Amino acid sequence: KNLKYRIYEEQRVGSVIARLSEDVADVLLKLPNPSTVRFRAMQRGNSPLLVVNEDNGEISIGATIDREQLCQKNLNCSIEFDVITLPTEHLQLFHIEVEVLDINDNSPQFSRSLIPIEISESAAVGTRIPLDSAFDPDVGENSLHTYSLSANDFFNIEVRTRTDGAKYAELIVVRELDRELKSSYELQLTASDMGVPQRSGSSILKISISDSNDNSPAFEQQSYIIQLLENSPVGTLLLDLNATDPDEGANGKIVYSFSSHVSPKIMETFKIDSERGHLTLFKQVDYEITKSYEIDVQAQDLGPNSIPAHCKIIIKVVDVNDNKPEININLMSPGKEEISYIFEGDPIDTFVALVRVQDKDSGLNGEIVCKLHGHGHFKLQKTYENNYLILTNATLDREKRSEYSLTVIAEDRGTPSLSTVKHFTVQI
């Protein structure tokens, strides 16, 4: 005869499932000498989960019944057990089937306690990252049901089911990440089943935010006015530029250089340190040639898709008194630097020489005072700016002196003052 029974797993050893006397009365009481029958179980002596009492026919749990090690994740679980009546003469055969129900004696569990995941700050709102699945060997209501993520402002989870039915958690970036502000997170993922009592397991996700090159260098200020004495030595520090980049590694490492469009002249006279940004002089400047310079400097990081920053540096040169006045004396005489005077006297206010002075410099450094200091009484008459005339101031005397020596002094209004002197003689 066939008998079917229904138990819960892990019940205490020795508990009775059924009593043959009570359930197979129709068979036992119809044998010869009903009270003399004895029972024998048909199993091996290794791990007998069900046992029969040979004297009264009690079917009781012999060893622990773990549904999980027995049927794994199958919904249907049942143990088979054959019992026979002794003696052999007209023995009966009882095939006993015990359906095993599952209790919730297993909590959700994670493979690893630390779940390291790396996310680039570039990751767009909506990015999804499947997380480790917890394992719950139970079945039905007792198996893994849902997940939950510790409260925070940047991540969520959606619970999903894959092809085979199992459930898993998908991490979702819901707010724009920024490594420059918060580089790492630590959040708790909790899996829980739907059993009674409800069980839970948990793991910690260590989210690390990798840097992307979402920031370019920045200058303190964009414009600069530098004054430079035209006599500064090669190597003078014109300006130490400082730019900053919040990014990490190469993305935040800055290189300074002259903008790609700078004129060659600027590169001829100035040099910029690629690493520290020391704008230095390479060959001296001359106010008498170019009075100003408009340098365009750029700073760019060594990261990908890099946008550069730029600042403008105006170098204004200032004049120094590095040019001495020039004296030119011109005469009517076609040949030489000598002024010919009539042997026998001459009239007053007679043209002797034209005098022109000039100074390369500017301002007071280029303004000239001219003085005539010959050994006599000639007069230096102004005609226009920096152009004077040399004339006489009284009637001369041939007999007294024949050779004259005149000296012109040109002295600019600079400090230190500079001056030159020229000499020429008057033959009469």
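One-based numbering along the sequence shown.
The deposited model assigns a higher average Cα B-factor to 338-346 than to the other stretch when 193-201 and 338-346 are compared. The mean C-alpha temperature factor is higher for 277-285 when 277-285 and 105-113 are set side by side. Highest CA B-factor among the listed residues (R67, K30, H373, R40): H373. By the numbers in the PDB entry, the CA B factor is greatest at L354 among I225, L354, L131, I307.
Ranked within its chain, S184 lands in the lowest third, by CA B factor from the PDB record. In this PDB entry, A25 carries a Cα temperature factor that places it within the lowest third of its chain's modelled residues. Compared with the other modelled residues of the chain, the Cα B-factor recorded for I368 ranks in the highest third. Residue-level temperature factors show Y5 in the middle third of its chain, judged at the C-alpha atom. In the deposited entry, the Cα temperature factor of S402 sits in the top third of values across the chain's modelled residues.
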